[PDB]
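First up is the structure itself, then whatever we jot down about it.
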Amino acid sequence: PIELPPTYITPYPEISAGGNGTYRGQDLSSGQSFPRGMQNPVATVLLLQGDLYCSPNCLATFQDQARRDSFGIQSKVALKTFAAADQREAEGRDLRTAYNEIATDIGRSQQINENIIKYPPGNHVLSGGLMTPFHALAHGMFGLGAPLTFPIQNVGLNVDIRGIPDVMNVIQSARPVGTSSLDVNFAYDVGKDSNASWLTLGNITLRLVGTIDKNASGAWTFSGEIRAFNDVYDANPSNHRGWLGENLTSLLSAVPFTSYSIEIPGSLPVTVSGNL
Ligand SMILES: [Ca+2]
């Protein structure tokens with residue numbers, strides 16, 4: 001979730017409210033390639049697959065598409081569609097609606113090539129939902145190296161301080177009956193809490209900052225925040241092997257890619273007690 005600053009600046013400017021030029025690209029010659037009333041069949045396909053791609057069958061369906069055209073035009077356009085959709089989800093839009101709106105616009109495109117949907121590499125933001133992994137994947141191929149943002153609130157963390165023993169170690173260490181600082185960082189397998197987001201981030205480093213306070217003897221309340229250090233998406237497709245499969249990994253290994261920075265801003269407040 002996380003609202004998003006009032007003045008965030010979408011990467012897919014709305015152009016004319018509703019989809020009209022929003023997604024989809026400049027042309028060449030000549031406005032032909034199939035009759036003029038007809039919807040671009042690449043879009044038709046996307047619309048036929050919307051029930052599947054916007055659900056937990058997404059991966060399976062995509063794998064099948066990749067295999068059928070060898071990561072060709074249909075497959076690329078679908079993948080760029082997932083990013084735009086996932087982005088829109090990050091800006092607060094319902095995913096399936098965004099998806100349709102996107103596909104309908106591609107549908108107005110009169111060419112049949114892999115760039116009939118724009119992938120503007122600017123300001124991308126991962127949503128944390130169903131298509132985030134594909135957005136990050138998208139980005140590694142179409143993003144020309146640009147860093148992008150995956151707000152800490154969208155990762156699905158759910159950090160129990162009490163069972164990270166390095167942290168607790170530090171907490172239990174002589175102190176007054178009041179203040180005392182704690183600022184410690186530590187590795188964390190986003191997989192403890194979310195396997196989707198693990199697909200995109202793997203391990204990250206988190207950081208804990210706050211104080212702790214002691215009562216009667218006694219226990220202690222730490223209240224403070226968690227924050228995250230920027231992670232680096234290694235876009236070499238052999239790192240997605242286990243997730244994407246033999247066929248797709250192989251096809252993707254032909255395609256150029258560039259790793260990029262993922263910034264993870266924000267606070268996750270935390271409060272805890274414990275003892276001895
Ligand atoms: Ca990582």
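Each chain in the structure tokens gets a letter, A, B, ..., in the order shown, and its residues are numbered from 1; ligands are numbered from 1 in order too.
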
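Neighbouring residues of ligand 1 at a cut-off of 6 Å, counting only C-alpha atoms and all ligand atoms, are residues 201, 202, 203, 204 and 231 of chain A.
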
Find the residues near segment 241-249 of chain A: any atom within 8 Å, counting only C-alpha atoms, skip ones fewer than 4 places away on the same chain, and give them as a count of residues only. 8

With DSSP run on the backbone, what are the helix (DSSP H, G or I) residues within segment 60-265 of chain A? I'd like them as a ChimeraX atom specification. /A:60-69,73-90,95-107,132-142,152-154,161-163,165-171,190-192,195-201,237-244,246-253

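With only C-alpha atoms as the atoms that count, the residue of A:174, A:259, A:183, A:101 with the shortest distance to residue 239 of chain A is A:259.
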
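Among the candidates A:31, A:18, A:13, A:224, the residue lying nearest to residue 109 of chain A is A:31 (atoms considered: only C-alpha atoms).
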
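The shortest atom-to-atom distance to residue 46 of chain A, with only C-alpha atoms taken into account, belongs to A:103 out of A:58, A:103, A:28, A:146.
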
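The gap separating atom CA of residue 123 of chain A from atom CA of residue 53 of chain A is 24.1 Å, in Å to one decimal.
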
Excluding residue 218 of chain A and residues on its chain fewer than 6 positions from it, collect all residues at most 12 Å away from it, counting only C-alpha atoms, and give them as a short mmCIF file (atom, residue, chain, number, x, y, z; two decimals) with C-alpha atoms, in the first residue's frame.
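Ended up saving to out.cif:
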data_model
loop_
_atom_site.label_atom_id
_atom_site.label_comp_id
_atom_site.auth_asym_id
_atom_site.auth_seq_id
_atom_site.Cartn_x
_atom_site.Cartn_y
_atom_site.Cartn_z
CA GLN A 172 20.17 -8.12 26.76
CA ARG A 175 21.79 -0.81 30.85
CA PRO A 176 20.17 1.86 32.99
CA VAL A 177 16.54 1.83 34.18
CA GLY A 178 15.67 4.20 31.24
CA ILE A 212 14.61 0.12 25.51
CA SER A 273 8.67 -6.63 25.28
CA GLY A 274 10.62 -9.50 26.79
CA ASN A 275 12.57 -10.78 29.81
CA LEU A 276 14.89 -13.59 31.18
#
